[PDB]
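Engineer: Quick one: the structure is below, questions incoming.
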Amino acid sequence: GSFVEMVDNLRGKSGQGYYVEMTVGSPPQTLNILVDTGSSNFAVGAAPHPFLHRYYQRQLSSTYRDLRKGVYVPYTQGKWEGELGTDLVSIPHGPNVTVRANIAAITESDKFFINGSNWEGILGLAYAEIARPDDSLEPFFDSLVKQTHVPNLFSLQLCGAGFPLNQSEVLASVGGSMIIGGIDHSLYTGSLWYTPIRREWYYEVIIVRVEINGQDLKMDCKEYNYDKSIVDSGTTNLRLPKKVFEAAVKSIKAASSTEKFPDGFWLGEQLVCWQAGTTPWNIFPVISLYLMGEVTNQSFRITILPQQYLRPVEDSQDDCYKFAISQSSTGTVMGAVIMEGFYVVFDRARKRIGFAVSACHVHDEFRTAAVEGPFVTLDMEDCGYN
Ligand SMILES: CC#Cc1cncc(-c2cc(Cl)c([C@]3(C)CC(=O)N(C)C(=N)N3)s2)c1
């Protein structure tokens with residue numbers, strides 16, 4: 001229904017991540033924590049770092065418990081190593097509960113903490129299967145549900161500004177909402193449409209059809225989910241499998257053919273700029289991803305605008321952007337640029353993910369993002385990769 005205490009509790013942006021305030025220890029130590037549906041560990045800076053202005057001080061927490069075990073988590077993004085322990089954790093603009101949770105106290109890291117992000121840790125919201133060192137390390141959300149009456153569901157409204165936010169603006173601006181235990185009806189318009197969670201590890205889904213301005217990409221649907229498709233608040237871009245990326249970029253280029261962009265733009269490396277207020281949104285196509293429905297042989301589609309896939313960046317008074325669709329060798333990743341178009345419901349209890357048009361999606365007077373259905377779709381199980 002209505003969760004006023006949790007609405008507008010996020011800050012950040014697609015390039016740096018969206019974070020929520022949390023407290024760890026007794027007395028409480030306030031930290032800003034990245035909301036990450038693409039991982040399953042609660043890991044916080046616990047030692048001085050040039051890019052951290054605060055960190056978790058275990059020696060100052062009377063409720064700190066040492067698990068006497070280390071963990072090393074290498075990624076292609078940042079690498080981190082930490083010391084496992086437990087402590088009391090709260091979310092000030094969240095449910096009015098305090099839970100005992102696992103915390104990986106980061107003592108060393110490489111390219112993990114980013115200069116100017118304003119976050120000191122990561123809240124991994126995915127399932128125990130992908131927790132490090134192994135699935136015996138109960139994720140935060142699992143602890144929260146076990147220890148309290150909080151329903152086994154959370155929902156995210158990530159709010160892209162539609163323009164660059166400087167260092168001060170990004171600290172003062174509302175970046176969205178994380179509703180823990182419910183669905184807030186003020187955060188979306190129209191209906192919520194649900195897609196099954198294929199398997200409980202990452203938030204895995206199945207894409208059944210892809211269109212660029214209504215034109216079918218016409219690839220075998222298995223290609224769209226090769227080797228998986230996930231919903232990840234911890235990824236900036238919409239990431240597509242190599243072959244899907246090559247077909248999508250060819251189609252987006254054909255649709256926007258009245259303006260030639262350098263190769264660097266399509267590679268997501270170079271920005272493109274237009275005179276203030278003249279961005280030619282109309283020349284770029286809409287993108288629709290059809291997802292498996294809850295009813296047999298039924299699908300629905302989510303449609304994003306270039307206002308979602310063109311990420312605003314500062315150059316001048318020009319309006320500049322980077323292309324926020326990129327290739328992947330690890331499957332489709334529906335990152336922040338996709339999530340900014342929708343209110344996304346992580347219905348863990350009913351093993352499903354809901355999508356509705358976000359009340360904060362950026363658009364123009366001519367087009368809006370959309371969530372529509374149903375469509376009759378056959379052999380959708382065949383779209384899943386094994
Ligand atoms: C939006 C946003 C963001 C954003 C900004 N800066 C750092 C990060 C992240 C750094 C690291 Cl490491 C992250 C991990 C744990 C591993 C990974 O590789 N992906 C992809 C994740 N889901 N989770 S997210 C995210």
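Residue numbering restarts at 1 for every chain of the structure tokens, chains are lettered A, B, ... in their displayed order, and ligands are numbered from 1 as they appear.
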Please return as a PDB file with N, CA, C and O atoms, in the first residue's frame the residues found within 10 Å of ligand 1, counting only C-alpha atoms and all ligand atoms.
Structural biologist:
ATOM      1  N   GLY A  12      22.063   8.666  -5.072  1.00  0.00           N
ATOM      2  CA  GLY A  12      23.013   8.183  -6.056  1.00  0.00           C
ATOM      3  C   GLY A  12      22.546   8.369  -7.476  1.00  0.00           C
ATOM      4  O   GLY A  12      21.608   9.135  -7.745  1.00  0.00           O
ATOM      5  N   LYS A  13      23.213   7.670  -8.393  1.00  0.00           N
ATOM      6  CA  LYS A  13      22.890   7.772  -9.836  1.00  0.00           C
ATOM      7  C   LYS A  13      23.416   6.541 -10.547  1.00  0.00           C
ATOM      8  O   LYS A  13      24.193   5.778  -9.950  1.00  0.00           O
ATOM      9  N   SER A  14      23.018   6.328 -11.816  1.00  0.00           N
ATOM     10  CA  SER A  14      23.413   5.073 -12.473  1.00  0.00           C
ATOM     11  C   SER A  14      24.914   4.789 -12.558  1.00  0.00           C
ATOM     12  O   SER A  14      25.319   3.648 -12.372  1.00  0.00           O
ATOM     13  N   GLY A  15      25.713   5.823 -12.811  1.00  0.00           N
ATOM     14  CA  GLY A  15      27.157   5.667 -12.958  1.00  0.00           C
ATOM     15  C   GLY A  15      27.905   5.314 -11.680  1.00  0.00           C
ATOM     16  O   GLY A  15      28.948   4.665 -11.748  1.00  0.00           O
ATOM     17  N   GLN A  16      27.396   5.765 -10.513  1.00  0.00           N
ATOM     18  CA  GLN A  16      28.083   5.599  -9.223  1.00  0.00           C
ATOM     19  C   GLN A  16      27.398   4.608  -8.278  1.00  0.00           C
ATOM     20  O   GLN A  16      27.979   4.213  -7.267  1.00  0.00           O
ATOM     21  N   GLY A  17      26.166   4.243  -8.601  1.00  0.00           N
ATOM     22  CA  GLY A  17      25.373   3.352  -7.776  1.00  0.00           C
ATOM     23  C   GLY A  17      24.391   4.096  -6.898  1.00  0.00           C
ATOM     24  O   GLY A  17      24.565   5.294  -6.617  1.00  0.00           O
ATOM     25  N   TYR A  18      23.352   3.371  -6.464  1.00  0.00           N
ATOM     26  CA  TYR A  18      22.300   3.908  -5.593  1.00  0.00           C
ATOM     27  C   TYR A  18      22.521   3.288  -4.220  1.00  0.00           C
ATOM     28  O   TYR A  18      22.760   2.070  -4.128  1.00  0.00           O
ATOM     29  N   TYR A  19      22.434   4.111  -3.167  1.00  0.00           N
ATOM     30  CA  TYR A  19      22.738   3.613  -1.822  1.00  0.00           C
ATOM     31  C   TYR A  19      21.687   4.020  -0.795  1.00  0.00           C
ATOM     32  O   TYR A  19      20.943   4.996  -0.980  1.00  0.00           O
ATOM     33  N   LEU A  34      25.672   0.604  -0.838  1.00  0.00           N
ATOM     34  CA  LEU A  34      25.222   0.343  -2.222  1.00  0.00           C
ATOM     35  C   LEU A  34      24.148  -0.757  -2.240  1.00  0.00           C
ATOM     36  O   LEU A  34      24.353  -1.812  -1.629  1.00  0.00           O
ATOM     37  N   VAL A  35      23.003  -0.503  -2.918  1.00  0.00           N
ATOM     38  CA  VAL A  35      21.899  -1.482  -3.023  1.00  0.00           C
ATOM     39  C   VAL A  35      22.249  -2.341  -4.268  1.00  0.00           C
ATOM     40  O   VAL A  35      22.236  -1.831  -5.394  1.00  0.00           O
ATOM     41  N   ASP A  36      22.594  -3.638  -4.044  1.00  0.00           N
ATOM     42  CA  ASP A  36      23.073  -4.523  -5.095  1.00  0.00           C
ATOM     43  C   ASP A  36      22.298  -5.814  -5.211  1.00  0.00           C
ATOM     44  O   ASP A  36      22.579  -6.783  -4.498  1.00  0.00           O
ATOM     45  N   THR A  37      21.386  -5.874  -6.177  1.00  0.00           N
ATOM     46  CA  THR A  37      20.633  -7.111  -6.389  1.00  0.00           C
ATOM     47  C   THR A  37      21.462  -8.142  -7.163  1.00  0.00           C
ATOM     48  O   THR A  37      20.930  -9.199  -7.454  1.00  0.00           O
ATOM     49  N   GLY A  38      22.717  -7.815  -7.526  1.00  0.00           N
ATOM     50  CA  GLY A  38      23.588  -8.719  -8.283  1.00  0.00           C
ATOM     51  C   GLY A  38      24.629  -9.476  -7.467  1.00  0.00           C
ATOM     52  O   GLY A  38      25.551 -10.087  -8.027  1.00  0.00           O
ATOM     53  N   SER A  39      24.535  -9.390  -6.130  1.00  0.00           N
ATOM     54  CA  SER A  39      25.459 -10.097  -5.226  1.00  0.00           C
ATOM     55  C   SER A  39      24.732 -10.411  -3.933  1.00  0.00           C
ATOM     56  O   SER A  39      23.600  -9.943  -3.744  1.00  0.00           O
ATOM     57  N   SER A  40      25.374 -11.184  -3.038  1.00  0.00           N
ATOM     58  CA  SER A  40      24.678 -11.674  -1.853  1.00  0.00           C
ATOM     59  C   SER A  40      25.420 -11.507  -0.530  1.00  0.00           C
ATOM     60  O   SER A  40      24.993 -12.086   0.477  1.00  0.00           O
ATOM     61  N   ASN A  41      26.495 -10.701  -0.516  1.00  0.00           N
ATOM     62  CA  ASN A  41      27.205 -10.420   0.726  1.00  0.00           C
ATOM     63  C   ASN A  41      26.938  -8.983   1.196  1.00  0.00           C
ATOM     64  O   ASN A  41      26.895  -8.042   0.386  1.00  0.00           O
ATOM     65  N   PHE A  42      26.889  -8.820   2.517  1.00  0.00           N
ATOM     66  CA  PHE A  42      26.853  -7.511   3.170  1.00  0.00           C
ATOM     67  C   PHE A  42      28.313  -7.283   3.565  1.00  0.00           C
ATOM     68  O   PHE A  42      28.859  -8.000   4.422  1.00  0.00           O
ATOM     69  N   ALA A  43      28.979  -6.389   2.827  1.00  0.00           N
ATOM     70  CA  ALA A  43      30.412  -6.141   3.016  1.00  0.00           C
ATOM     71  C   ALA A  43      30.635  -4.647   3.179  1.00  0.00           C
ATOM     72  O   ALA A  43      30.123  -3.863   2.359  1.00  0.00           O
ATOM     73  N   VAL A  73      37.102 -11.991  -2.307  1.00  0.00           N
ATOM     74  CA  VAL A  73      36.129 -11.963  -3.392  1.00  0.00           C
ATOM     75  C   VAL A  73      36.688 -11.177  -4.571  1.00  0.00           C
ATOM     76  O   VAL A  73      36.625  -9.945  -4.581  1.00  0.00           O
ATOM     77  N   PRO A  74      37.239 -11.879  -5.578  1.00  0.00           N
ATOM     78  CA  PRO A  74      37.760 -11.166  -6.750  1.00  0.00           C
ATOM     79  C   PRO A  74      36.674 -11.018  -7.826  1.00  0.00           C
ATOM     80  O   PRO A  74      35.924 -11.959  -8.098  1.00  0.00           O
ATOM     81  N   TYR A  75      36.558  -9.829  -8.394  1.00  0.00           N
ATOM     82  CA  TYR A  75      35.636  -9.557  -9.490  1.00  0.00           C
ATOM     83  C   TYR A  75      36.454  -8.952 -10.633  1.00  0.00           C
ATOM     84  O   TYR A  75      37.676  -8.812 -10.504  1.00  0.00           O
ATOM     85  N   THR A  76      35.784  -8.596 -11.746  1.00  0.00           N
ATOM     86  CA  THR A  76      36.389  -7.879 -12.873  1.00  0.00           C
ATOM     87  C   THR A  76      36.248  -6.391 -12.508  1.00  0.00           C
ATOM     88  O   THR A  76      37.150  -5.586 -12.784  1.00  0.00           O
ATOM     89  N   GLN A  77      35.149  -6.060 -11.783  1.00  0.00           N
ATOM     90  CA  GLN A  77      34.937  -4.761 -11.149  1.00  0.00           C
ATOM     91  C   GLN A  77      35.969  -4.801  -9.956  1.00  0.00           C
ATOM     92  O   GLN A  77      37.081  -5.309 -10.132  1.00  0.00           O
ATOM     93  N   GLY A  78      35.621  -4.331  -8.773  1.00  0.00           N
ATOM     94  CA  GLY A  78      36.582  -4.364  -7.675  1.00  0.00           C
ATOM     95  C   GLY A  78      36.778  -5.699  -6.979  1.00  0.00           C
ATOM     96  O   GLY A  78      35.868  -6.525  -6.944  1.00  0.00           O
ATOM     97  N   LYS A  79      37.974  -5.907  -6.415  1.00  0.00           N
ATOM     98  CA  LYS A  79      38.318  -7.080  -5.611  1.00  0.00           C
ATOM     99  C   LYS A  79      38.314  -6.612  -4.163  1.00  0.00           C
ATOM    100  O   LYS A  79      38.711  -5.477  -3.879  1.00  0.00           O
ATOM    101  N   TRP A  80      37.881  -7.475  -3.246  1.00  0.00           N
ATOM    102  CA  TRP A  80      37.928  -7.150  -1.828  1.00  0.00           C
ATOM    103  C   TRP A  80      38.205  -8.361  -0.975  1.00  0.00           C
ATOM    104  O   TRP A  80      37.830  -9.476  -1.317  1.00  0.00           O
ATOM    105  N   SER A 109      41.283  -3.905  -0.430  1.00  0.00           N
ATOM    106  CA  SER A 109      40.488  -3.891  -1.656  1.00  0.00           C
ATOM    107  C   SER A 109      41.289  -3.314  -2.828  1.00  0.00           C
ATOM    108  O   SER A 109      42.270  -2.605  -2.608  1.00  0.00           O
ATOM    109  N   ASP A 110      40.862  -3.623  -4.060  1.00  0.00           N
ATOM    110  CA  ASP A 110      41.475  -3.109  -5.292  1.00  0.00           C
ATOM    111  C   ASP A 110      40.368  -2.708  -6.259  1.00  0.00           C
ATOM    112  O   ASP A 110      39.579  -3.562  -6.658  1.00  0.00           O
ATOM    113  N   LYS A 111      40.307  -1.405  -6.627  1.00  0.00           N
ATOM    114  CA  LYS A 111      39.302  -0.828  -7.537  1.00  0.00           C
ATOM    115  C   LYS A 111      37.851  -1.109  -7.081  1.00  0.00           C
ATOM    116  O   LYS A 111      36.946  -1.203  -7.919  1.00  0.00           O
ATOM    117  N   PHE A 112      37.635  -1.284  -5.756  1.00  0.00           N
ATOM    118  CA  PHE A 112      36.299  -1.554  -5.223  1.00  0.00           C
ATOM    119  C   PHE A 112      35.612  -0.236  -4.857  1.00  0.00           C
ATOM    120  O   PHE A 112      34.571   0.096  -5.444  1.00  0.00           O
ATOM    121  N   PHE A 113      36.195   0.514  -3.901  1.00  0.00           N
ATOM    122  CA  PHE A 113      35.705   1.824  -3.479  1.00  0.00           C
ATOM    123  C   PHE A 113      36.049   2.851  -4.568  1.00  0.00           C
ATOM    124  O   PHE A 113      37.192   2.908  -5.030  1.00  0.00           O
ATOM    125  N   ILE A 114      35.036   3.597  -5.015  1.00  0.00           N
ATOM    126  CA  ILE A 114      35.143   4.598  -6.080  1.00  0.00           C
ATOM    127  C   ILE A 114      35.150   6.006  -5.482  1.00  0.00           C
ATOM    128  O   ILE A 114      34.335   6.314  -4.607  1.00  0.00           O
ATOM    129  N   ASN A 115      36.073   6.857  -5.967  1.00  0.00           N
ATOM    130  CA  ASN A 115      36.205   8.252  -5.535  1.00  0.00           C
ATOM    131  C   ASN A 115      34.940   9.061  -5.891  1.00  0.00           C
ATOM    132  O   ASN A 115      34.562   9.131  -7.067  1.00  0.00           O
ATOM    133  N   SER A 117      31.668   8.395  -4.772  1.00  0.00           N
ATOM    134  CA  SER A 117      30.410   7.618  -4.793  1.00  0.00           C
ATOM    135  C   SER A 117      29.503   7.852  -3.563  1.00  0.00           C
ATOM    136  O   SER A 117      28.275   7.704  -3.651  1.00  0.00           O
ATOM    137  N   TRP A 119      29.388   5.938  -0.913  1.00  0.00           N
ATOM    138  CA  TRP A 119      29.053   4.690  -0.226  1.00  0.00           C
ATOM    139  C   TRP A 119      30.301   3.998   0.322  1.00  0.00           C
ATOM    140  O   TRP A 119      31.412   4.126  -0.236  1.00  0.00           O
ATOM    141  N   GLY A 121      30.020   0.615   1.708  1.00  0.00           N
ATOM    142  CA  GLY A 121      29.814  -0.825   1.720  1.00  0.00           C
ATOM    143  C   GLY A 121      28.780  -1.193   0.684  1.00  0.00           C
ATOM    144  O   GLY A 121      28.223  -0.317  -0.003  1.00  0.00           O
ATOM    145  N   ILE A 122      28.514  -2.491   0.578  1.00  0.00           N
ATOM    146  CA  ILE A 122      27.565  -3.048  -0.380  1.00  0.00           C
ATOM    147  C   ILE A 122      26.587  -3.969   0.326  1.00  0.00           C
ATOM    148  O   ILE A 122      26.992  -4.811   1.140  1.00  0.00           O
ATOM    149  N   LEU A 123      25.298  -3.815  -0.006  1.00  0.00           N
ATOM    150  CA  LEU A 123      24.247  -4.671   0.489  1.00  0.00           C
ATOM    151  C   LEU A 123      23.845  -5.647  -0.634  1.00  0.00           C
ATOM    152  O   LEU A 123      23.066  -5.271  -1.518  1.00  0.00           O
ATOM    153  N   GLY A 124      24.397  -6.862  -0.597  1.00  0.00           N
ATOM    154  CA  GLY A 124      24.056  -7.882  -1.589  1.00  0.00           C
ATOM    155  C   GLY A 124      22.691  -8.485  -1.291  1.00  0.00           C
ATOM    156  O   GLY A 124      22.524  -9.151  -0.267  1.00  0.00           O
ATOM    157  N   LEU A 125      21.696  -8.202  -2.145  1.00  0.00           N
ATOM    158  CA  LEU A 125      20.301  -8.652  -1.955  1.00  0.00           C
ATOM    159  C   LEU A 125      19.912  -9.936  -2.655  1.00  0.00           C
ATOM    160  O   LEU A 125      18.758 -10.354  -2.540  1.00  0.00           O
ATOM    161  N   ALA A 126      20.824 -10.529  -3.434  1.00  0.00           N
ATOM    162  CA  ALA A 126      20.486 -11.782  -4.117  1.00  0.00           C
ATOM    163  C   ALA A 126      20.539 -12.984  -3.112  1.00  0.00           C
ATOM    164  O   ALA A 126      20.689 -12.787  -1.894  1.00  0.00           O
ATOM    165  N   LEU A 158      14.528   3.217  -8.817  1.00  0.00           N
ATOM    166  CA  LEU A 158      15.794   3.928  -9.024  1.00  0.00           C
ATOM    167  C   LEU A 158      15.451   5.127  -9.914  1.00  0.00           C
ATOM    168  O   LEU A 158      14.835   4.960 -10.973  1.00  0.00           O
ATOM    169  N   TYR A 202      21.154 -15.503  -8.685  1.00  0.00           N
ATOM    170  CA  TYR A 202      21.022 -14.108  -9.086  1.00  0.00           C
ATOM    171  C   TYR A 202      19.491 -13.981  -9.212  1.00  0.00           C
ATOM    172  O   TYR A 202      18.780 -14.983  -9.086  1.00  0.00           O
ATOM    173  N   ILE A 230      19.784 -11.465 -15.976  1.00  0.00           N
ATOM    174  CA  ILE A 230      19.554 -11.107 -14.566  1.00  0.00           C
ATOM    175  C   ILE A 230      19.113  -9.660 -14.406  1.00  0.00           C
ATOM    176  O   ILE A 230      19.402  -8.845 -15.273  1.00  0.00           O
ATOM    177  N   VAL A 231      18.480  -9.340 -13.259  1.00  0.00           N
ATOM    178  CA  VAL A 231      18.081  -7.968 -12.885  1.00  0.00           C
ATOM    179  C   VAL A 231      19.097  -7.542 -11.824  1.00  0.00           C
ATOM    180  O   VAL A 231      19.166  -8.151 -10.733  1.00  0.00           O
ATOM    181  N   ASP A 232      19.944  -6.550 -12.163  1.00  0.00           N
ATOM    182  CA  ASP A 232      21.075  -6.167 -11.320  1.00  0.00           C
ATOM    183  C   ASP A 232      21.168  -4.654 -11.062  1.00  0.00           C
ATOM    184  O   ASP A 232      21.700  -3.902 -11.891  1.00  0.00           O
ATOM    185  N   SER A 233      20.739  -4.212  -9.856  1.00  0.00           N
ATOM    186  CA  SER A 233      20.836  -2.791  -9.484  1.00  0.00           C
ATOM    187  C   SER A 233      22.319  -2.325  -9.351  1.00  0.00           C
ATOM    188  O   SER A 233      22.562  -1.121  -9.273  1.00  0.00           O
ATOM    189  N   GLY A 234      23.263  -3.285  -9.272  1.00  0.00           N
ATOM    190  CA  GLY A 234      24.697  -3.040  -9.155  1.00  0.00           C
ATOM    191  C   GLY A 234      25.448  -2.922 -10.475  1.00  0.00           C
ATOM    192  O   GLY A 234      26.679  -2.881 -10.479  1.00  0.00           O
ATOM    193  N   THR A 235      24.717  -2.933 -11.612  1.00  0.00           N
ATOM    194  CA  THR A 235      25.294  -2.724 -12.952  1.00  0.00           C
ATOM    195  C   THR A 235      24.679  -1.443 -13.502  1.00  0.00           C
ATOM    196  O   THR A 235      23.463  -1.243 -13.417  1.00  0.00           O
ATOM    197  N   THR A 236      25.510  -0.583 -14.075  1.00  0.00           N
ATOM    198  CA  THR A 236      25.028   0.696 -14.633  1.00  0.00           C
ATOM    199  C   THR A 236      24.224   0.450 -15.923  1.00  0.00           C
ATOM    200  O   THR A 236      23.116   0.956 -16.071  1.00  0.00           O
ATOM    201  N   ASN A 237      24.824  -0.278 -16.873  1.00  0.00           N
ATOM    202  CA  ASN A 237      24.259  -0.457 -18.205  1.00  0.00           C
ATOM    203  C   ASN A 237      23.240  -1.538 -18.393  1.00  0.00           C
ATOM    204  O   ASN A 237      23.057  -2.418 -17.539  1.00  0.00           O
ATOM    205  N   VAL A 333      22.317  -8.374 -18.663  1.00  0.00           N
ATOM    206  CA  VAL A 333      22.228  -7.750 -17.340  1.00  0.00           C
ATOM    207  C   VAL A 333      21.302  -6.549 -17.483  1.00  0.00           C
ATOM    208  O   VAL A 333      21.627  -5.590 -18.197  1.00  0.00           O
ATOM    209  N   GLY A 335      20.535  -3.674 -15.970  1.00  0.00           N
ATOM    210  CA  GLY A 335      21.147  -2.776 -15.000  1.00  0.00           C
ATOM    211  C   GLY A 335      20.313  -1.546 -14.700  1.00  0.00           C
ATOM    212  O   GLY A 335      19.125  -1.479 -15.033  1.00  0.00           O
ATOM    213  N   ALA A 336      20.936  -0.583 -14.020  1.00  0.00           N
ATOM    214  CA  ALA A 336      20.292   0.635 -13.545  1.00  0.00           C
ATOM    215  C   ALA A 336      19.605   1.428 -14.639  1.00  0.00           C
ATOM    216  O   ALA A 336      18.489   1.888 -14.414  1.00  0.00           O
ATOM    217  N   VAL A 337      20.203   1.512 -15.843  1.00  0.00           N
ATOM    218  CA  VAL A 337      19.558   2.276 -16.929  1.00  0.00           C
ATOM    219  C   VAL A 337      18.188   1.708 -17.353  1.00  0.00           C
ATOM    220  O   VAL A 337      17.286   2.495 -17.652  1.00  0.00           O
ATOM    221  N   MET A 339      16.378  -0.350 -14.986  1.00  0.00           N
ATOM    222  CA  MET A 339      15.620  -0.191 -13.742  1.00  0.00           C
ATOM    223  C   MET A 339      15.126   1.230 -13.511  1.00  0.00           C
ATOM    224  O   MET A 339      14.079   1.412 -12.891  1.00  0.00           O
ATOM    225  N   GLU A 340      15.812   2.242 -14.075  1.00  0.00           N
ATOM    226  CA  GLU A 340      15.354   3.629 -13.949  1.00  0.00           C
ATOM    227  C   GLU A 340      14.013   3.875 -14.680  1.00  0.00           C
ATOM    228  O   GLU A 340      13.317   4.843 -14.392  1.00  0.00           O
TER     229      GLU A 340
END
Engineer: Do a neighbour search on segment 285-300 of chain A at 7 Å with only C-alpha atoms, toss out local chain neighbours closer than 4 positions, and write the hits as a PyMOL selection string.
Structural biologist: chain A and resi 194-196+206-213+252+255+304-306+372-378+380
Engineer: Suppose you want the space between atom CA of residue 345 of chain A and atom CA of residue 301 of chain A; what is it in Å?
Structural biologist: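 These two atoms are separated by 15.6 Å.
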Engineer: Skipping near chain neighbours, those fewer than 4 positions away, what residues fall within 10 Å of residue 171 of chain A using only C-alpha atoms, listed as JSON, numbers by chain?
Structural biologist: {"A": [11, 12, 117, 118, 165, 166, 167, 175]}
Engineer: Restricting the output to C-alpha atoms, write the selected residues as a compact mmCIF listing (two decimals), in the first residue's frame.
Structural biologist:
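And here is the file that came out, out.txt:
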# COMPACT_ATOMS: atom_id res chain seq x y z
CA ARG A 11 20.61 8.52 -3.15
CA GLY A 12 23.01 8.18 -6.06
CA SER A 117 30.41 7.62 -4.79
CA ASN A 118 29.50 8.41 -1.12
CA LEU A 165 24.12 15.96 -11.00
CA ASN A 166 27.32 17.62 -9.67
CA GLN A 167 29.07 16.52 -6.38
CA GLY A 175 17.72 9.02 -5.94
Engineer: Just list as number ranges by chain whatever in segment 217-287 of chain A DSSP marks as strand (DSSP E).
Structural biologist: A: 229-231, 238-241, 272-274, 287
Engineer: Would you put the residues from that selection into a file with C-alpha atoms, as an mmCIF file, in the first residue's frame?
Structural biologist:
data_model
loop_
_atom_site.group_PDB
_atom_site.id
_atom_site.type_symbol
_atom_site.label_atom_id
_atom_site.label_comp_id
_atom_site.auth_asym_id
_atom_site.auth_seq_id
_atom_site.Cartn_x
_atom_site.Cartn_y
_atom_site.Cartn_z
ATOM 1 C CA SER A 229 19.549 -12.927 -17.946
ATOM 2 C CA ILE A 230 19.554 -11.107 -14.566
ATOM 3 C CA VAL A 231 18.081 -7.968 -12.885
ATOM 4 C CA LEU A 238 21.857 -2.682 -20.037
ATOM 5 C CA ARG A 239 24.415 -5.442 -20.895
ATOM 6 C CA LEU A 240 23.730 -7.857 -23.734
ATOM 7 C CA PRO A 241 25.405 -11.117 -24.886
ATOM 8 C CA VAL A 272 28.100 12.827 -27.602
ATOM 9 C CA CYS A 273 26.869 16.392 -27.051
ATOM 10 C CA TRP A 274 24.096 18.581 -28.381
ATOM 11 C CA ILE A 287 13.610 -0.846 -26.968
#
Engineer: Please report, as JSON lines, each residue of segment 103-173 of chain A lying at most 7 Å from segment 358-365 of chain A, together with the nearest pair of atoms and the separation in Å rounded to one decimal; use only C-alpha atoms, and order rows by chain and ascending residue number.
Structural biologist:
{"residue": "A:157", "atom": "CA", "partner": "A:358", "partner_atom": "CA", "distance": 6.9}
{"residue": "A:159", "atom": "CA", "partner": "A:360", "partner_atom": "CA", "distance": 5.7}
{"residue": "A:160", "atom": "CA", "partner": "A:361", "partner_atom": "CA", "distance": 7.0}
{"residue": "A:162", "atom": "CA", "partner": "A:362", "partner_atom": "CA", "distance": 5.8}
Engineer: Sorted by chain and rising residue number, list the residues of segment 95-133 of chain A at most 12 Å from segment 57-62 of chain A (counting only C-alpha atoms), each with its closest atom pair and distance in Å to one decimal, as JSON lines.
Structural biologist:
{"residue": "A:103", "atom": "CA", "partner": "A:58", "partner_atom": "CA", "distance": 10.4}
{"residue": "A:104", "atom": "CA", "partner": "A:58", "partner_atom": "CA", "distance": 11.1}
{"residue": "A:105", "atom": "CA", "partner": "A:58", "partner_atom": "CA", "distance": 8.4}
{"residue": "A:106", "atom": "CA", "partner": "A:57", "partner_atom": "CA", "distance": 10.9}
{"residue": "A:107", "atom": "CA", "partner": "A:57", "partner_atom": "CA", "distance": 11.1}
Engineer: Check the DSSP output for the backbone and give back, as a PyMOL selection string, the residues of segment 253-311 of chain A in alpha helix (DSSP H).
Structural biologist: chain A and resi 253-255+263-266+306-309
Engineer: Keeping only N, CA and C atoms, write the selected residues as a tab-separated table (two decimals), in the first residue's frame.
Structural biologist:
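This is the output file again_17.tsv:
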chain	number	residue	atom	x	y	z
A	253	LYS	N	21.61	1.76	-34.71
A	253	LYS	CA	22.29	2.59	-35.72
A	253	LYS	C	21.35	2.83	-36.93
A	254	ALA	N	20.69	1.77	-37.44
A	254	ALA	CA	19.77	1.89	-38.61
A	254	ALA	C	18.61	2.84	-38.27
A	255	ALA	N	18.05	2.70	-37.07
A	255	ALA	CA	16.93	3.53	-36.63
A	255	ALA	C	17.30	5.01	-36.45
A	263	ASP	N	32.50	5.54	-33.70
A	263	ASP	CA	32.55	4.19	-33.14
A	263	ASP	C	32.69	4.21	-31.62
A	264	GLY	N	33.45	5.18	-31.10
A	264	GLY	CA	33.67	5.37	-29.67
A	264	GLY	C	32.37	5.57	-28.91
A	265	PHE	N	31.36	6.20	-29.55
A	265	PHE	CA	30.07	6.40	-28.91
A	265	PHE	C	29.40	5.06	-28.70
A	266	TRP	N	29.31	4.23	-29.77
A	266	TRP	CA	28.66	2.92	-29.71
A	266	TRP	C	29.38	1.93	-28.79
A	306	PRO	N	15.26	6.21	-25.26
A	306	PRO	CA	16.66	6.66	-25.24
A	306	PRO	C	16.93	7.47	-23.95
A	307	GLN	N	15.88	8.09	-23.31
A	307	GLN	CA	16.10	8.81	-22.03
A	307	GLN	C	16.61	7.86	-20.94
A	308	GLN	N	16.38	6.53	-21.12
A	308	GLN	CA	16.91	5.52	-20.22
A	308	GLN	C	18.28	5.04	-20.67
A	309	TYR	N	18.44	4.68	-21.98
A	309	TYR	CA	19.71	4.11	-22.44
A	309	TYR	C	20.82	5.07	-22.80
Engineer: Smallest atom-to-atom distance to residue 91 of chain A: which of A:141, A:366, A:201, A:64, using only C-alpha atoms?
Structural biologist: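 Distance minimum relative to residue 91 of chain A lands on A:141.
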Engineer: Which residues are close to residue 221 of chain A, i.e. within 6 Å by only C-alpha atoms, leaving aside same-chain residues fewer than 2 positions away? Reply as a PyMOL selection string.
Structural biologist: chain A and resi 208+219+223-224+383
Engineer: Using only C-alpha atoms, which of A:139, A:277, A:1, A:151 sits nearest residue 183 of chain A?
Structural biologist: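 Of A:139, A:277, A:1, A:151, the one nearest residue 183 of chain A, counting only C-alpha atoms, is A:1.
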Engineer: Would you kindly return, as a list in words, each protein, DNA or RNA residue with an atom no farther than 12 Å from any atom of residue 88 of chain A, considering only C-alpha atoms and excluding same-chain residues fewer than 2 positions away?
Structural biologist: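 With the cut-off at 12 Å, the set is residues 22, 23, 24, 25, 26, 27, 28, 29, 58, 61, 62, 63, 64, 65, 85, 86, 90, 91, 97, 98, 99, 100, 101, 102, 103, 140, 143, 144 and 147 of chain A.
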Engineer: Please provide the set of residues having any atom within 9 Å of residue 245 of chain A, restricted to only C-alpha atoms, with same-chain residues fewer than 3 positions apart removed, written as a list in words.
Structural biologist: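 Listing them by chain and then by number gives residues 239, 240, 241, 242, 248, 249, 250, 325, 326, 327 and 328 of chain A.
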